[PDB]
2 protein chains.
Amino acid sequence: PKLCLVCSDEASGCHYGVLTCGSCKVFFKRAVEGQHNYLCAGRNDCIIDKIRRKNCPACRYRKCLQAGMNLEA
Amino acid sequence: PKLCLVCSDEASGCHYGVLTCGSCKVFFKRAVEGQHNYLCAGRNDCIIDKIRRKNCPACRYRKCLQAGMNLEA
DNA sequence: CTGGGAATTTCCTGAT
DNA sequence: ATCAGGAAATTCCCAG
Ligand SMILES: [Zn+2]
Ligand SMILES: [Zn+2]
Ligand SMILES: [Zn+2]
Ligand SMILES: [Zn+2]
């Protein structure tokens with residue numbers, strides 16, 4: 001396997017239970033330790049990839065959870 | 001008793017031809033000045049308000065133009 | 001070798 | 001024209 005399950009960018013390994021890129025790894029860590037205030041300006045279907053992942057942390061965090069990312073993994 | 005024509009936040013006056021808040025004023029200036037290629041992660045229909053205006057500069061910039069904001073005014 | 005996490009840098013936004 | 005808070009992504013060091 002390769003290709004991070006969140007943003008489809010090249011994956012650096014298995015992080016918090018899921019194959020992800022380095023950027024999504026630290027994003028999830030930040031989001032989960034913080035209070036995740038995030039609001040989607042769209043329909044919560046936003047495209048998350050290398051280009052657009054910065055746009056919507058709401059949808060990015062959702063895709064992190066849906067992929068099964070968790071801290072104790 | 002009047003609001004920014006872009007994000008609906010309290011308007012500070014008439015900026016670049018349109019009633020806007022200070023934040024949308026400097027955003028627009030920076031956007032035109034700034035080479036920026038913006039990409040919406042959504043449908044280009046994004047909700048732009050006080051909180052969500054940070055999410056999508058693409059739709060924010062579009063709303064600036066649609067409202068009639070221009071450096072010539 | 002693996003992955004967690006701190007540190008660092010850069011960028012965006014908004015106020016002064 | 002600064003300046004500061006925040007988010008983002010890389011670099012680096014840690015334990016295993
Ligand atoms: Zn990713
Ligand atoms: Zn979204
Ligand atoms: Zn505004
Ligand atoms: Zn948008």
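Every chain is numbered from 1, with letters handed out A, B, ... down the list of sequences. Hydrogens, waters and symmetry mates are skipped; everything else that's a heavy atom, side chains included, is used.
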Check your understanding: Are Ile48(A) and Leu5(A) grouped together when hydrophobic residues (ILVMFWY) are joined by side-chain heavy atoms under 4.5 angstrom apart?
Key -> yes
Review point. Is any side-chain N or O of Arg60(A) closer than 4.0 Å to OP1 or OP2 of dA9(D)?
Key: yes
Out of [options], whichever nucleotide has its closest atom nearest the side chain of [X]:
X: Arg30(A); options: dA15(C), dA9(D), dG4(C); value: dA9(D)
X: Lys54(A); options: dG14(C), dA9(D), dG4(C); value: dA9(D)
X: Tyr16(A); options: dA15(C), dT10(D), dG4(C); value: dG4(C)
X: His15(A); options: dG14(C), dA8(D), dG4(C); value: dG4(C)

Rounded to whole angstroms, how far apart are [atom1] on [X] and [atom2] on [N]?
X: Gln35(B); N: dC12(C); atom1: CD; atom2: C1'; result: 16 Å
X: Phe27(A); N: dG5(C); atom1: CZ; atom2: P; result: 16 Å
X: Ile48(B); N: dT13(C); atom1: CD1; atom2: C1'; result: 14 Å
X: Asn37(A); N: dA7(D); atom1: CG; atom2: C1'; result: 12 Å
X: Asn55(B); N: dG14(C); atom1: CG; atom2: P; result: 11 Å
X: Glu10(A); N: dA9(D); atom1: CD; atom2: P; result: 14 Å
X: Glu33(A); N: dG5(C); atom1: CD; atom2: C1'; result: 10 Å
X: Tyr38(B); N: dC11(C); atom1: OH; atom2: P; result: 14 Å

Exercise for review: Have a look at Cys14(A) and say if it touches a base, only the backbone sugar-phosphate, or nothing, with a 4.0 Å heavy-atom cut-off.
Suggested key: sugar-phosphate
Practice item. Give one of base, sugar-phosphate or nothing for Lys29(A), where a contact means two heavy atoms less than 4.0 Å apart. Key: sugar-phosphate
Check your understanding: Which heavy-atom pair separates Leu19(A) from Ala11(A) by the least distance, and what is that distance?
Key -> CG-CB, 3.6 Å
Revision key, fill the gap. One should read off an interatomic distance between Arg60(A) CZ and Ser23(A) OG, to the nearest 0.5 angstrom, of 4.5 Å
Point to revise | Pair of N/O donor and acceptor under 3.5 Å linking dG5(C) base with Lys25(A) side chain | key: yes
Exercise for review: Verify side chain to side chain contact (heavy atoms under 4.5 Å, CB included) between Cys21(B) and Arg53(B), making sure each step is shown before the conclusion.
Suggested key: CA-CA 12 Å; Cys21(B) 72; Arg53(B) 61 191 186 203; 3.9 Å; yes
Practice item. Using the six-membered ring wherever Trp is involved, compare the ring planes of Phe27(B) and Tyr61(B) and label them parallel, tilted or perpendicular (cut-offs 30° and 60°). Key: perpendicular
